[PDB]
Amino acid sequence: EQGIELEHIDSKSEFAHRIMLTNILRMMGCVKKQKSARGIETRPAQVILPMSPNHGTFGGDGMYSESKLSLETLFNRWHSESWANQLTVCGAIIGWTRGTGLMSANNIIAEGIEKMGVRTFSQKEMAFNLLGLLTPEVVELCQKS
Amino acid sequence: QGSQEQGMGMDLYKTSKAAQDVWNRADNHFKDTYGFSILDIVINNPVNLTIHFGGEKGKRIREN
């Protein structure tokens, strides 16, 4: 959702919010009901949520920032409800990932952001980082907290 | 040991309140200690049975 400011939030943004938040909750809800049906209490599914660090700080994103920030409620509800044996949350705050070439992402200003001391990532490095979160050590933490 | 048939004792588990206590107590202990239902084993007689050691309750079962 691009150049959708708060004046312009309509049908596309309300649908996007359903894709990116309410139907994410309904899909973890569904895997909890299927795992419980079969009394599976010891094989939790690690949910990896794509979070943003940038909630509202650009604008024109429609309800993207509302979508992203409301998944941070799952780090609290994991303690406060009855689905922690079925589900574990591993929220990944994904950072600057370069696309293909020139037009893709904002590739032309990557070099300039890196001069500040920030690091950007190839898609293959960002893939690496997120497959990190599925290693046996950080699967082990997820299941604690 | 000798006679060990599928569904053994399950006729008496439908009717009897006193049987039900015995099986339900045992089945809940095996589930929380060794991560399997003995009732599933007796009723269905599966060929394979994977215990999983995932989660707080799974690490406890793995220590057993």
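Heads up: the protein sequence lines correspond to chains B and K, in order. According to the deposited numbering, numbering within the first sequence proceeds without interruption in unit steps and concludes at 920. According to the deposited numbering, numbering within the second sequence proceeds without interruption in unit steps and concludes at 1732. Backbone N, C-alpha and C fix where the C-beta goes; we use that ideal spot for every residue, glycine too.
Cβ neighbours of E889(B) within its own chain (closer than 7 Å, five residues either side excluded): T895. By alpha-carbon distance to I869(B), the top candidate from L877(B), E900(B), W858(B) is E900(B).
Within the DSSP bridge table, the entry for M1676(K) names no partner. When the alpha-carbon of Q918(B) is set against those of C805(B), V822(B), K808(B), the nearest one is in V822(B).
Here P819(B) is buried. Its C-beta has 16 or more other C-beta atoms within 10 Å. For the alpha helix (DSSP H) assignment, the uninterrupted runs of no fewer than 4 residues enclosed by the stretch 781-850 of chain B are, from N- to C-terminal side, 786-792, 798-812, 839-844. Residues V822, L862 of the same chain have their beta carbon placed closer than 7 Å to that of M803(B), with the five preceding and five following residues left out of the count. With fewer than 16 other Cβ atoms from the protein chains shown falling within 10 Å of its own Cβ, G1670(K) counts as exposed. In this structure, the CA atom of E776(B) is about 13 Å from the CA atom of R793(B).
For the pair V864(B) and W853(B), the CB atoms are nearer than the 7 Å cut-off. Not one beta carbon of chain B lies nearer than 7 Å to the beta carbon of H1697(K). Here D836(B) is buried, its C-beta having at least 16 other C-beta atoms within 10 Å.
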